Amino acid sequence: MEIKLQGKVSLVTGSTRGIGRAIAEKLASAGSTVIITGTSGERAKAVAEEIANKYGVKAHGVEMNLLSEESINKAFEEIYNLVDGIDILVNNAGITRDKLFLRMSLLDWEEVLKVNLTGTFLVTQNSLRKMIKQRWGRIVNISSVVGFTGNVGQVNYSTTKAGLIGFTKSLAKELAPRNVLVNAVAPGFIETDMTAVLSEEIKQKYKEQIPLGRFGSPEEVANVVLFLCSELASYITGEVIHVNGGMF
């Protein structure tokens, strides 16, 4: 029983590092052609080159700043000149602009909404063509346990991660007749190189909230995304899969 994606093209936004990069590497490991995006076109192309060398797949990197509608449509013009179209979309790009509510600036609130909700809206609208035409497509939106539980200092981020669930369920209903499945993965506390700036004390505090007693790895999140893009998830749509070690 193997999962193979040879012949498919996957676009993973915000994949020059962290969870997004693990997701693109995981899809590449299953045979998928992959499109890497980052706010830096140079870094995106560099990462795409590394992934192609490591797994031997066709990979392309494009600059895409989800704060700009122009940057997004422009990245897609480049994308459609490189591939026939997109079969799999993983809306991973997302930002935080943390601040206690009473003092959150309008810009901190709006940028988070602009990238996490509007950027996801635009990227998804631009990726549907081939999927609807062939009646096969997979869209996976990366949400967060915080969109379900709420989190102090992240009212903007939590609002968007919960909003993505409404986005996922509504879009899944609209696209279901075309066999394009739309789902969400909600990671809990995942270890990335950024976790390195946390004090041992704060980290143990977070781990205490986790029944498995450990942070998950980016690859463990990527594995669930891979499952949703596989033939094993053909009857799942409009669903959220929590990957948080038992925390919620």
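Just count from 1 along the sequence shown to find any residue number.
Relative to its counterpart among 135 to 143 and 97 to 105, 97 to 105 has the higher mean temperature factor, C-alpha atoms as listed in the PDB entry. Mean CA B-factor, 37 to 45 versus 217 to 225: the higher value falls on 37 to 45. In the PDB entry, the Cα temperature factor peaks, among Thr159, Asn81, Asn126, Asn91, at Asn81. Taking the deposited Cα B-factors for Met194, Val185, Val180, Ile190, the highest one is held by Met194. In the PDB entry, a CA B factor belonging to the highest third of its chain's modelled residues is recorded for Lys4. In the PDB entry, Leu212 places in the lowest third of its chain by CA B-factor. Compared with the other modelled residues of the chain, the Cα B-factor recorded for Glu110 ranks in the middle third.
Annotation for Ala75: CA B-factor lies in the highest third of the chain's modelled residues. For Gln154, the recorded CA B-factor ranks within the middle third of the chain. Only modelled residues enter the ranking.
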